[PDB]
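I have placed the structure first, in the form of structure tokens, so that the comments after it can refer back to it.
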Amino acid sequence: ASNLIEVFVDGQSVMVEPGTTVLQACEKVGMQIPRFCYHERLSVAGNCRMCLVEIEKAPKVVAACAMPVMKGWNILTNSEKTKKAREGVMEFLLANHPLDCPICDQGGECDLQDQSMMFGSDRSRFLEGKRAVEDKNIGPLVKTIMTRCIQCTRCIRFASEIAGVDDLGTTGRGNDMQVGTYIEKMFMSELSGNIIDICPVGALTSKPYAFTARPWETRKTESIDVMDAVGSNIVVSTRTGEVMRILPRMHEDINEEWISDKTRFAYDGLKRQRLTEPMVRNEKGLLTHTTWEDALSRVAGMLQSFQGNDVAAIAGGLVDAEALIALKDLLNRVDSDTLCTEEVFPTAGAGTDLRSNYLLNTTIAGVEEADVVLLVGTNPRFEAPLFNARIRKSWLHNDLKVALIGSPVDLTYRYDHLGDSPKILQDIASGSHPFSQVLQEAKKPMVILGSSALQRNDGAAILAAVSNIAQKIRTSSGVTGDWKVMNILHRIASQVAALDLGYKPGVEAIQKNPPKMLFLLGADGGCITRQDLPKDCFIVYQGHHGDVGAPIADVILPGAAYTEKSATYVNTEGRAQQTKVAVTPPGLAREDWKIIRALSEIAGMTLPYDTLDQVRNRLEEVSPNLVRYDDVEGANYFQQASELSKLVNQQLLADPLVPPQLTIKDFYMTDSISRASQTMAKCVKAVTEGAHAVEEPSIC
Amino acid sequence: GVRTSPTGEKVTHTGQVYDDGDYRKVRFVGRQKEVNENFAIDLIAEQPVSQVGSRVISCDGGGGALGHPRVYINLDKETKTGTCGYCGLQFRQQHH
Amino acid sequence: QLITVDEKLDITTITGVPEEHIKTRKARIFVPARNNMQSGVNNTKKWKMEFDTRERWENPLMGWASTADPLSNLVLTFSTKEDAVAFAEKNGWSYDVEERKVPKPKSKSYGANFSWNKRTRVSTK
Amino acid sequence: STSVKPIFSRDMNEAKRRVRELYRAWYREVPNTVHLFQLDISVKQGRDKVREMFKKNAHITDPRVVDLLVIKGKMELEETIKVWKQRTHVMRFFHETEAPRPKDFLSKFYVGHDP
Amino acid sequence: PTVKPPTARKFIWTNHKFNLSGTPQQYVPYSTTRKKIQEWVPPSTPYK
Amino acid sequence: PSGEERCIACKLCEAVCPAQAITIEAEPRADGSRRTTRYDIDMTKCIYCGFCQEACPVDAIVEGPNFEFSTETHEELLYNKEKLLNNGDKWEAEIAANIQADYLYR
Amino acid sequence: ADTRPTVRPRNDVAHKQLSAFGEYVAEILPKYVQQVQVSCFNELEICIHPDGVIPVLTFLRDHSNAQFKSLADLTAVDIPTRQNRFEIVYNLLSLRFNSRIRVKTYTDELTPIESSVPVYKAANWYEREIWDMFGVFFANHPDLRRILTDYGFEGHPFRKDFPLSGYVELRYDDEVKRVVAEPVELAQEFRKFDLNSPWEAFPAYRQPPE
Amino acid sequence: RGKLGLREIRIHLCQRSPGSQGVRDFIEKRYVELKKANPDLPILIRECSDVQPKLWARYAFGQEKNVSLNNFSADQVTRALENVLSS
Ligand code: SF4
Ligand code: SF4
Ligand code: SF4
Ligand code: SF4
Ligand code: FES
Ligand SMILES: [K+]
Ligand SMILES: [Zn+2]
């Protein structure tokens, strides 16, 4: 373009858009300017002064993080003047810093340590006493050792701009300036654990991870979160075959570089209540450890005796694709098609025939382009914490208009509350409601319906009513044509993949035709008890945790967890992503699909795949998008699906729309892994019982 | 603080003991399980608290360069004593 | 003086690796993700190759972490994505390639913090 | 390009010649080795093993890969003929202490997670 | 030590012990950490 | 002197050990202190180089004056935390004097 | 020579002389020399095409202004990213002129390298070491065979892709009354450390962005 | 129960490829009729870039037959779905 102007970086010409800072100009020739207060996903602060750099023929040094480049500047990032500015600034930072590196969890992965080695001096000339600061208790997750704080104010900016919480700020003045909440408060948020990562020093550290490991001894495994349908990219840190912590992994289009606190601190649930050995019912009626040979023989003995409707299966929320296809193929060879999921998605009209019906067609990255957003019967803050964070980013940087139909929940950003009754959806179609114009005049509208709403008995109507609105907008030439309006926001990590494999959403089929033999493939919801089955139903539970499904099964086949297998999951937007093995399953547990593959051979209906590649070549046949990793495809044909939607007309219930999760307390414990976690248990107690209630020693 | 498990095995200061049915406790049959008897947690409790008259106090563990790195401790809070991260000694501010 | 050889270059037979650890191993080619606990980006410059994790168990005597996998600690560094693939093929490992994720450039303005009519105004400093 | 310096063979016909020769030297040797080293195998078992080692490398078609395979096989022979090896090295080909390792899915499934 | 006695600490041993190798008082190694993964305990309740 | 262990589980000795003879695990103690739960030295891996005592910030790990501790079985040379704590209690009288004599050179 | 107690002084006359001789060798053997570089601590390296070994080594040994009579060392470096992964390094010494020079070339798994024994008899065992550890075959070598590894040892340990502890380990078996090799199993796995800092240490060696 | 009863159909087509134009045309025009015609027959349409169009049918007891739809016209496709149904 002609926008670009030319600047030099040590004599190397680079062309940059006007308004780019000096720090960004240096990044294009591959240099990283030192920093403490600058973060590319926060507002510029310019206070640490570590980024000071020299401009040739300029007497003064400029803050590289906050200085727009002007045409024809030569940035000297390695002149004597620049180096001495860095040494001076590092000296001031370390003057009052405590001698805590041996006792500080940040040791070995500290920007203050590393930048002191690279850009600071090798010795001190500070001959006075140091500052000491009392510690604040801002919750059971983040441990505060504020003597180490360097006052970069990153935490303050993150909470204000990213989490939408104004609890953190600076009280005092001068050298006594302190970071905290002033009062006794807990900075409890679904994104609270993120201030640990952005804090460059050991001032904010993870309480669950305190003291347990050092950075240099941990092996990094890149994997995917399965605690929600956003598919956040994580790093699983392991040491000597043990899961130590979970860190974020940068993905620009998904979670940027954040994760939720359930993603961050629920890994301790993998260390509790684990199913480690096959179990069968003895003659007295209790479950007893037994060998894989005895266990699979019983399951195979029953599987052959039944056919068709007799054999049914339910898929839990954390199940991987490879298991889903394996179980499906096993029940096909007995001629059963009662492949269910706990989650309910209306089958009226097209249903799962067209992917567009049950995907987030706009994509998570798309929200940054929307100009109006309608949320219906969904609390995105708790059902998809990282999606709501993307909303607030657009609400903040692009001036997005957000309207909500449902309970008046707090989204951390102000929204227009159209109301709570489902009938408001009808009005928007007619044009009576004043909001109907905003959708009409908006160039890039977006409509989000949450899968939590569709769990109502009138779910088919709501999806049709909401799809009715999206159809009106696109028909009028207001929309750009290739922009997609109708979006479904999912909350279960295995919902999209199951739907793409022809699973039948919900347990209506089972209730319609109670089965003789039932496979609970990780299903802990409680949807199907023994009240809802014949007298002697042969339940077989396959999962990694003992919680709700296991206690009622006849045979328990221990399975792996998402940290222990290379599996495929599809997130709410349709993107397929794969986990990797970080540690192997405990005890006698085995990978999920291998259990079903083995059950086949003992059954006689041997499946045609015996390795992970082969079972992933099968997924390609059933749905070719389940092996396109990190790629979002796209589902057209909204017109066709809409038409089938109106064929049968159903009545909206008069019940008001209420999301299942109304307050933070309902966010921490929502699945078997998080229910086992004890960090989540202390988080639930902290928000409910009281803030002050949880108080523990934090000497170092 | 050396208590024994119901089996008869002494528990260590880390809290480790071989459960009732673990075969690995055979390694001690005819021999002995070595357990240090001076529990660091119980010895550092006994130490008295050090009343002081300033808001900030520095601890190096004693001995100058034979102790731990020097740390400055804040004593503003009244509800609790201030503890050394390294040596565990406690301090309090006097009549204040 | 010279000859013409056209076949796909393969050396599994002469390298000396056992068959078990050529055929059943899935190499992974990727650029390491930045450690979010730090802002430095000097470890995300080169392509690494690693293999799938295998079982580790507790040594019965001292509780150490025991392995039977001879490739567990093997990591290779490459300049480009082609080199990692070129190396993996001639050694006959099944591999997966993950595309480099580059931070998206951003628009940063200090003046944006003090805005007359926009929500980007900051309530504190 | 495909223009590559040769080790010995300039095409597979020459390479297959040296392969054939090297098999002669090994086939003659096993009767001597089973005696000098006082092995407990029969000369039939020894010659089957030489057949097995040569067979595993059947697919190879690159002339250069075959030269190196022959070069290595001759070095192995030179050690056995000159008795630089010992009774332990010669018997390592037979893996007589490693217990049977299964190869069917169910067998590998019962014991461990290895694929 | 008579002229220059060693500093007295209460935790220091009073009775020196010689090499106990090969005796019933020898040192036997063992892991000093607690179990990592807890196993789910099946209910004693039998209801089917 | 009070009796609290000097080791704060920083793992600097484990990181420096040229022979990888040291294995450390840690956790917060019941009183919130940063203390190890596993400290092991494989004395058959160790090269007795003394890098670990050079790297320790709190003089917690030392190489003592004892050179007469040969054993009859290999298992007797794999030291856990209790053994090394017992050696410190056994040999503190001499170790402290040796540190007193050399700490100024260090 | 400056009053900087901790900084190694620069010898600039040595740098000039070594640069002059680098051109001299490049001018005389242009058919083979691919690069000439002198480091900051004064060490001349000549990079050559693998076919110029004997002509290049012979010229340095016998020329009346070279006289690098002594082969100080001969070794290979493995850089798997390069297409020719193996780099063969010759360190030579001249006693007449009290100078050293390094000659470097390259090869791959399936390209032979001419033996230098015709030039330096010292290279006989050096090349056996290179073959054994790196699997680089030298043509026309009087006696090429393993020199360090055990008999019947499959693999080449000094390749970057050979695992540190290898694949097989030895023990004595009572039943068969001999030392038996078996697949390696370690009671304690070697613990890999990630030590690299995420911050650049040496700007002078920064590589241009992709 | 019954035997050979069609249990499911699956149509895999690209989104922008030239040789999938017929399959796309069939979905836009005829699919709605097909779904109404067969209310309880799962017809799974799965779009993915650079696939070769195909028709997968699953019968009783997990028997699957595939039929290519590459470079087929809409009516050409309609015959294929006609052939699959009633067999
Ligand atoms: S934050 Fe912790 S690791 Fe970093 S310099 Fe301060 S005490 Fe050391
Ligand atoms: S607590 Fe951490 S992030 Fe917050 S101002 Fe202090 S150093 Fe910066
Ligand atoms: S003396 Fe032994 S334990 Fe200490 S660093 Fe050296 S090898 Fe490791
Ligand atoms: S012995 Fe010293 S260096 Fe080792 S972990 Fe303990 S305090 Fe750190
Ligand atoms: S990074 Fe520029 S002043 Fe902090
Ligand atoms: K931090
Ligand atoms: Zn202290």
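By convention in this document, the chains of the structure tokens carry letters A, B, ... by their order, each chain's residues are numbered from 1, and ligands are numbered from 1 in the order they are shown.
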
Which residues in chain D does DSSP call helix (DSSP H, G or I)? List them as an MDAnalysis selection string. chainID D and resid 12:36 43:56 63:81 87:94 105:111

Would you give me, as a ChimeraX atom specification, the residues of chain A that come within 7 Å of chain D, using only C-alpha atoms? /A:292,590,598,610

For chain F, which of B:17, B:65, B:73, B:49 is the closest residue, counting only C-alpha atoms?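 Closest candidate: B:65.
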
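For ligand 5, the neighbouring polymer residues at 9 Å or closer are residues 23, 33, 34, 35, 36, 37, 38, 39, 44, 45, 46, 47, 48, 49, 50, 51, 52, 62, 63, 64, 65, 66, 67 and 152 of chain A, only C-alpha atoms and all ligand atoms being used.
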
Can you tell me which residues surround residue E:16 at a distance of at most 12 Å, considering only C-alpha atoms, apart from same-chain residues fewer than 6 positions away, and format the answer as a PyMOL selection string? chain F and resi 86-87+89-93

Take the residues from that selection and put them in a file with N, CA, C and O atoms, as a short mmCIF file (atom, residue, chain, number, x, y, z; two decimals), in the first residue's frame.
data_model
loop_
_atom_site.label_atom_id
_atom_site.label_comp_id
_atom_site.auth_asym_id
_atom_site.auth_seq_id
_atom_site.Cartn_x
_atom_site.Cartn_y
_atom_site.Cartn_z
N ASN F 86 19.97 -38.54 58.66
CA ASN F 86 20.69 -39.23 59.73
C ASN F 86 22.19 -38.99 59.64
O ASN F 86 22.87 -38.87 60.66
N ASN F 87 22.74 -38.93 58.42
CA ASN F 87 24.16 -38.60 58.29
C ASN F 87 24.44 -37.19 58.79
O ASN F 87 25.49 -36.94 59.40
N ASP F 89 22.76 -35.60 61.15
CA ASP F 89 22.73 -35.68 62.61
C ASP F 89 23.96 -36.39 63.15
O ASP F 89 24.48 -36.03 64.21
N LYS F 90 24.44 -37.40 62.43
CA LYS F 90 25.61 -38.15 62.87
C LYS F 90 26.88 -37.31 62.81
O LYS F 90 27.67 -37.30 63.75
N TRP F 91 27.08 -36.58 61.71
CA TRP F 91 28.36 -35.94 61.42
C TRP F 91 28.34 -34.42 61.55
O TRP F 91 29.29 -33.77 61.12
N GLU F 92 27.28 -33.84 62.12
CA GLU F 92 27.19 -32.38 62.14
C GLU F 92 28.37 -31.76 62.89
O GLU F 92 28.88 -30.71 62.50
N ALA F 93 28.80 -32.40 63.98
CA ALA F 93 29.87 -31.84 64.78
C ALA F 93 31.11 -31.57 63.94
O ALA F 93 31.70 -30.49 64.00
#

Which residues are near residue F:47? Cut-off 9 Å, only C-alpha atoms, ignore same chain within fewer than 5 positions. Put them as a tab-separated table (two decimals) with N, CA, C and O atoms, in the first residue's frame.
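Printed below is around12.tsv as written:
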chain	number	residue	atom	x	y	z
F	18	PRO	N	26.28	-33.41	37.77
F	18	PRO	CA	26.74	-33.92	36.47
F	18	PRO	C	26.33	-35.35	36.20
F	18	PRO	O	26.17	-35.73	35.03
F	19	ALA	N	26.15	-36.16	37.24
F	19	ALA	CA	25.82	-37.57	37.08
F	19	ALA	C	24.34	-37.86	37.19
F	19	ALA	O	23.94	-39.02	37.08
F	21	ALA	N	22.65	-37.84	39.85
F	21	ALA	CA	22.56	-38.74	40.98
F	21	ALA	C	21.47	-38.35	41.97
F	21	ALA	O	21.11	-39.17	42.81

May I have the residues within 8 Å of residue D:61 as a PyMOL selection string, using only C-alpha atoms and disregarding those fewer than 2 positions away in the same chain? (chain C and resi 7) or (chain D and resi 12+59+63+65-66)

Site check for ligand 2: residues at most 8 Å away, only C-alpha atoms and all ligand atoms, as a tab-separated table (two decimals) with N, CA and C atoms, in the first residue's frame:
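What follows is the written file pocket-v8.tsv:
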chain	number	residue	atom	x	y	z
A	36	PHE	N	8.66	-5.42	30.52
A	36	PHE	CA	8.08	-5.96	31.74
A	36	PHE	C	6.61	-5.59	31.84
A	37	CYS	N	6.27	-4.36	31.47
A	37	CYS	CA	4.90	-3.88	31.55
A	37	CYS	C	4.14	-4.03	30.25
A	144	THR	N	-0.27	-14.98	46.56
A	144	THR	CA	0.31	-13.65	46.42
A	144	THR	C	1.51	-13.54	47.34
A	146	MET	N	3.73	-10.41	47.52
A	146	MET	CA	3.78	-9.12	46.84
A	146	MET	C	5.10	-8.38	47.06
A	148	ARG	N	7.70	-9.48	45.87
A	148	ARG	CA	8.32	-9.73	44.58
A	148	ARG	C	7.73	-8.87	43.47
A	149	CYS	N	6.58	-8.26	43.69
A	149	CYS	CA	5.93	-7.48	42.66
A	149	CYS	C	6.83	-6.35	42.19
A	150	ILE	N	6.88	-6.15	40.87
A	150	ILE	CA	7.65	-5.06	40.28
A	150	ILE	C	6.75	-3.93	39.79
A	151	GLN	N	5.46	-3.98	40.11
A	151	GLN	CA	4.53	-2.89	39.80
A	151	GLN	C	4.40	-2.67	38.29
A	152	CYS	N	4.35	-3.76	37.52
A	152	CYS	CA	4.16	-3.60	36.09
A	152	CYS	C	2.71	-3.31	35.75
A	153	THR	N	1.80	-3.59	36.68
A	153	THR	CA	0.38	-3.32	36.55
A	153	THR	C	-0.27	-4.16	35.46
A	154	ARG	N	0.38	-5.24	35.03
A	154	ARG	CA	-0.25	-6.14	34.07
A	154	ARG	C	-1.52	-6.76	34.63
A	155	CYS	N	-1.46	-7.23	35.88
A	155	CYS	CA	-2.63	-7.87	36.47
A	155	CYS	C	-3.81	-6.91	36.49
A	156	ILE	N	-3.55	-5.65	36.84
A	156	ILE	CA	-4.61	-4.64	36.87
A	156	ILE	C	-5.23	-4.48	35.49
A	179	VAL	N	0.05	-3.09	44.94
A	179	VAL	CA	-0.96	-3.67	44.08
A	179	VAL	C	-1.80	-4.60	44.93
A	180	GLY	N	-3.12	-4.52	44.77
A	180	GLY	CA	-4.01	-5.33	45.57
A	180	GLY	C	-5.44	-4.86	45.41
A	195	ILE	N	-3.94	-14.30	35.39
A	195	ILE	CA	-3.01	-13.29	35.90
A	195	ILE	C	-1.74	-13.91	36.42
A	196	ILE	N	-1.74	-15.21	36.71
A	196	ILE	CA	-0.50	-15.90	37.05
A	196	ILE	C	0.47	-15.86	35.88
A	198	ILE	N	0.59	-13.85	33.17
A	198	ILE	CA	1.05	-12.55	32.72
A	198	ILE	C	1.94	-11.88	33.76
A	199	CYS	N	1.82	-12.23	35.02
A	199	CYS	CA	2.72	-11.66	36.01
A	199	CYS	C	4.13	-12.13	35.71
A	200	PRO	N	5.07	-11.22	35.43
A	200	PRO	CA	6.40	-11.66	34.99
A	200	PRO	C	7.27	-12.20	36.10
A	201	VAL	N	6.84	-12.08	37.35
A	201	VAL	CA	7.63	-12.43	38.51
A	201	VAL	C	6.82	-13.37	39.38
A	202	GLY	N	7.39	-13.77	40.50
A	202	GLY	CA	6.74	-14.71	41.38
A	202	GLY	C	5.74	-14.07	42.32
A	203	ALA	N	5.35	-12.83	42.02
A	203	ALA	CA	4.37	-12.14	42.85
A	203	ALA	C	3.04	-12.87	42.85
A	204	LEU	N	2.61	-13.35	41.69
A	204	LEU	CA	1.40	-14.16	41.55
A	204	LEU	C	1.79	-15.54	41.07

Among stretch 454-643 of chain A, which ones does DSSP place in strand (DSSP E or B), written as an MDAnalysis selection string? chainID A and resid 486:489 504:506 517:521 538:543 545 555:559 568:570 576:578 590 629

Pick from F:102, F:4, F:94, F:27: nearest to residue F:66, with only C-alpha atoms counted?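 When distances to residue F:66 are compared using only C-alpha atoms, the smallest one comes from F:94.
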
Quick one: residues within 9 Å of stretch 38-41 of chain E, only C-alpha atoms, excluding same-chain residues fewer than 6 positions away - as JSON, numbers by chain? {"A": [271, 272, 273, 274, 275, 276, 545, 546, 547]}

Output file for the residues above (N, CA, C and O atoms, as a PDB file, in the first residue's frame):
ATOM      1  N   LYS A 271      -6.162 -37.395  39.447  1.00  0.00           N
ATOM      2  CA  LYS A 271      -5.412 -38.120  40.457  1.00  0.00           C
ATOM      3  C   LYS A 271      -6.303 -38.703  41.539  1.00  0.00           C
ATOM      4  O   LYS A 271      -5.790 -39.175  42.555  1.00  0.00           O
ATOM      5  N   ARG A 272      -7.619 -38.673  41.359  1.00  0.00           N
ATOM      6  CA  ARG A 272      -8.543 -39.120  42.386  1.00  0.00           C
ATOM      7  C   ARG A 272      -9.677 -39.909  41.752  1.00  0.00           C
ATOM      8  O   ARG A 272     -10.042 -39.678  40.599  1.00  0.00           O
ATOM      9  N   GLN A 273     -10.227 -40.843  42.523  1.00  0.00           N
ATOM     10  CA  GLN A 273     -11.412 -41.600  42.127  1.00  0.00           C
ATOM     11  C   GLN A 273     -11.221 -42.282  40.777  1.00  0.00           C
ATOM     12  O   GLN A 273     -12.174 -42.475  40.025  1.00  0.00           O
ATOM     13  N   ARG A 274      -9.992 -42.669  40.463  1.00  0.00           N
ATOM     14  CA  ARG A 274      -9.703 -43.257  39.166  1.00  0.00           C
ATOM     15  C   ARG A 274     -10.086 -44.727  39.132  1.00  0.00           C
ATOM     16  O   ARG A 274      -9.843 -45.474  40.082  1.00  0.00           O
ATOM     17  N   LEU A 275     -10.697 -45.132  38.023  1.00  0.00           N
ATOM     18  CA  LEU A 275     -10.929 -46.538  37.729  1.00  0.00           C
ATOM     19  C   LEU A 275      -9.658 -47.128  37.141  1.00  0.00           C
ATOM     20  O   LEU A 275      -9.208 -46.696  36.077  1.00  0.00           O
ATOM     21  N   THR A 276      -9.081 -48.110  37.823  1.00  0.00           N
ATOM     22  CA  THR A 276      -7.792 -48.652  37.434  1.00  0.00           C
ATOM     23  C   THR A 276      -7.819 -50.119  37.036  1.00  0.00           C
ATOM     24  O   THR A 276      -6.816 -50.606  36.507  1.00  0.00           O
ATOM     25  N   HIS A 545     -13.403 -42.357  35.440  1.00  0.00           N
ATOM     26  CA  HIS A 545     -13.712 -41.950  36.799  1.00  0.00           C
ATOM     27  C   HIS A 545     -14.892 -42.749  37.318  1.00  0.00           C
ATOM     28  O   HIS A 545     -15.786 -43.131  36.564  1.00  0.00           O
ATOM     29  N   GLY A 546     -14.886 -43.000  38.627  1.00  0.00           N
ATOM     30  CA  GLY A 546     -16.029 -43.551  39.307  1.00  0.00           C
ATOM     31  C   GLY A 546     -16.804 -42.422  39.948  1.00  0.00           C
ATOM     32  O   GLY A 546     -16.293 -41.730  40.825  1.00  0.00           O
ATOM     33  N   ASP A 547     -18.036 -42.227  39.492  1.00  0.00           N
ATOM     34  CA  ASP A 547     -18.823 -41.098  39.966  1.00  0.00           C
ATOM     35  C   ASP A 547     -20.309 -41.432  39.980  1.00  0.00           C
ATOM     36  O   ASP A 547     -20.862 -41.755  41.035  1.00  0.00           O
TER      37      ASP A 547
END

Shell of 10 Å around residue C:109, only C-alpha atoms, local chain residues under 2 positions omitted, as a PDB file with N, CA, C and O atoms, in the first residue's frame:
ATOM      1  N   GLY A  19       1.442   4.372  12.766  1.00  0.00           N
ATOM      2  CA  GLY A  19       0.897   4.055  14.064  1.00  0.00           C
ATOM      3  C   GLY A  19       1.547   2.877  14.751  1.00  0.00           C
ATOM      4  O   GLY A  19       1.275   2.646  15.934  1.00  0.00           O
ATOM      5  N   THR A  20       2.387   2.123  14.051  1.00  0.00           N
ATOM      6  CA  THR A  20       3.158   1.065  14.681  1.00  0.00           C
ATOM      7  C   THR A  20       4.176   1.670  15.635  1.00  0.00           C
ATOM      8  O   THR A  20       4.768   2.713  15.355  1.00  0.00           O
ATOM      9  N   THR A  21       4.374   1.014  16.771  1.00  0.00           N
ATOM     10  CA  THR A  21       5.332   1.488  17.751  1.00  0.00           C
ATOM     11  C   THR A  21       6.744   1.076  17.355  1.00  0.00           C
ATOM     12  O   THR A  21       6.960   0.315  16.415  1.00  0.00           O
ATOM     13  N   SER A  43      -3.587  -3.082  27.253  1.00  0.00           N
ATOM     14  CA  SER A  43      -3.369  -1.691  26.893  1.00  0.00           C
ATOM     15  C   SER A  43      -1.955  -1.267  27.261  1.00  0.00           C
ATOM     16  O   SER A  43      -1.412  -1.685  28.284  1.00  0.00           O
ATOM     17  N   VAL A  44      -1.356  -0.429  26.415  1.00  0.00           N
ATOM     18  CA  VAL A  44       0.002   0.030  26.665  1.00  0.00           C
ATOM     19  C   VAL A  44       0.054   0.799  27.975  1.00  0.00           C
ATOM     20  O   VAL A  44      -0.835   1.601  28.284  1.00  0.00           O
ATOM     21  N   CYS A  65       7.711   0.655  23.656  1.00  0.00           N
ATOM     22  CA  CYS A  65       6.387   0.047  23.662  1.00  0.00           C
ATOM     23  C   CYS A  65       5.299   1.052  23.318  1.00  0.00           C
ATOM     24  O   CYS A  65       4.256   0.665  22.788  1.00  0.00           O
ATOM     25  N   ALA A  66       5.515   2.335  23.608  1.00  0.00           N
ATOM     26  CA  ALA A  66       4.467   3.342  23.497  1.00  0.00           C
ATOM     27  C   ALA A  66       4.801   4.459  22.520  1.00  0.00           C
ATOM     28  O   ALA A  66       4.073   5.454  22.473  1.00  0.00           O
ATOM     29  N   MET A  67       5.867   4.329  21.743  1.00  0.00           N
ATOM     30  CA  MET A  67       6.293   5.393  20.843  1.00  0.00           C
ATOM     31  C   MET A  67       5.977   5.022  19.405  1.00  0.00           C
ATOM     32  O   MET A  67       6.615   4.111  18.859  1.00  0.00           O
ATOM     33  N   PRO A  68       5.027   5.681  18.746  1.00  0.00           N
ATOM     34  CA  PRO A  68       4.843   5.450  17.313  1.00  0.00           C
ATOM     35  C   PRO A  68       6.097   5.829  16.543  1.00  0.00           C
ATOM     36  O   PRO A  68       6.733   6.843  16.826  1.00  0.00           O
TER      37      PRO A  68
ATOM     38  N   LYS C 106      -0.712  -6.592  15.781  1.00  0.00           N
ATOM     39  CA  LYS C 106      -1.787  -5.909  16.476  1.00  0.00           C
ATOM     40  C   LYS C 106      -1.608  -4.407  16.340  1.00  0.00           C
ATOM     41  O   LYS C 106      -0.516  -3.913  16.057  1.00  0.00           O
ATOM     42  N   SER C 107      -2.707  -3.688  16.523  1.00  0.00           N
ATOM     43  CA  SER C 107      -2.701  -2.233  16.537  1.00  0.00           C
ATOM     44  C   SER C 107      -2.668  -1.784  17.991  1.00  0.00           C
ATOM     45  O   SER C 107      -3.625  -2.006  18.739  1.00  0.00           O
ATOM     46  N   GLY C 111      -2.609   6.592  23.008  1.00  0.00           N
ATOM     47  CA  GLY C 111      -3.687   7.564  23.076  1.00  0.00           C
ATOM     48  C   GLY C 111      -5.049   6.925  23.238  1.00  0.00           C
ATOM     49  O   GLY C 111      -5.977   7.554  23.746  1.00  0.00           O
ATOM     50  N   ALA C 112      -5.186   5.667  22.820  1.00  0.00           N
ATOM     51  CA  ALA C 112      -6.463   4.978  22.918  1.00  0.00           C
ATOM     52  C   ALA C 112      -6.940   4.838  24.355  1.00  0.00           C
ATOM     53  O   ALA C 112      -8.130   4.605  24.577  1.00  0.00           O
ATOM     54  N   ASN C 113      -6.043   4.964  25.331  1.00  0.00           N
ATOM     55  CA  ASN C 113      -6.423   4.815  26.730  1.00  0.00           C
ATOM     56  C   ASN C 113      -7.184   6.013  27.260  1.00  0.00           C
ATOM     57  O   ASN C 113      -7.787   5.913  28.331  1.00  0.00           O
TER      58      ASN C 113
END

Would you mind listing the residues within 8 Å of ligand 4, counting only C-alpha atoms and all ligand atoms, as a PyMOL selection string? (chain A and resi 102) or (chain F and resi 6-14+24+36+52-53+55-61)

Please report the interatomic distance between atom CA of residue A:636 and atom CA of residue A:359 in Å with one decimal.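 Between these atoms lies a distance of 10.9 Å.
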
12 Å from ligand 7 is the threshold here; counting only C-alpha atoms and all ligand atoms, which polymer residues fall inside it? Answer as an NGL selection string. (:A and (99-100 or 103 or 699-700)) or (:B and (44 or 50 or 57-64 or 66-73 or 82-91)) or (:F and (1-2 or 4-6 or 8 or 58))

With a distance threshold of 7 Å and counting only C-alpha atoms, extract the residues of chain E near chain C and express them as a list in words.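 Listing them in order of chain and number gives residues 29, 30 and 31 of chain E.
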
Using only C-alpha atoms, the best pick from G:29, G:181, G:54, G:139 as closest to residue D:7 would be G:139

Using only C-alpha atoms, I'd like every residue of chain F that has an atom within 7 Å of chain A; please write them out as a ChimeraX atom specification. /F:8,10,25-28,31-34

Prev. selection, C-alpha atoms, output as a compact mmCIF listing (two decimals), in the first residue's frame:
# COMPACT_ATOMS: atom_id res chain seq x y z
CA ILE F 8 14.16 -25.51 50.76
CA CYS F 10 15.06 -25.33 45.21
CA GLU F 25 10.29 -34.09 45.00
CA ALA F 26 8.68 -31.35 47.05
CA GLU F 27 5.36 -30.04 48.31
CA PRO F 28 4.07 -27.54 50.88
CA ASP F 31 2.79 -25.56 58.03
CA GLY F 32 3.09 -24.21 54.49
CA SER F 33 6.88 -24.48 54.37
CA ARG F 34 8.79 -25.28 51.17
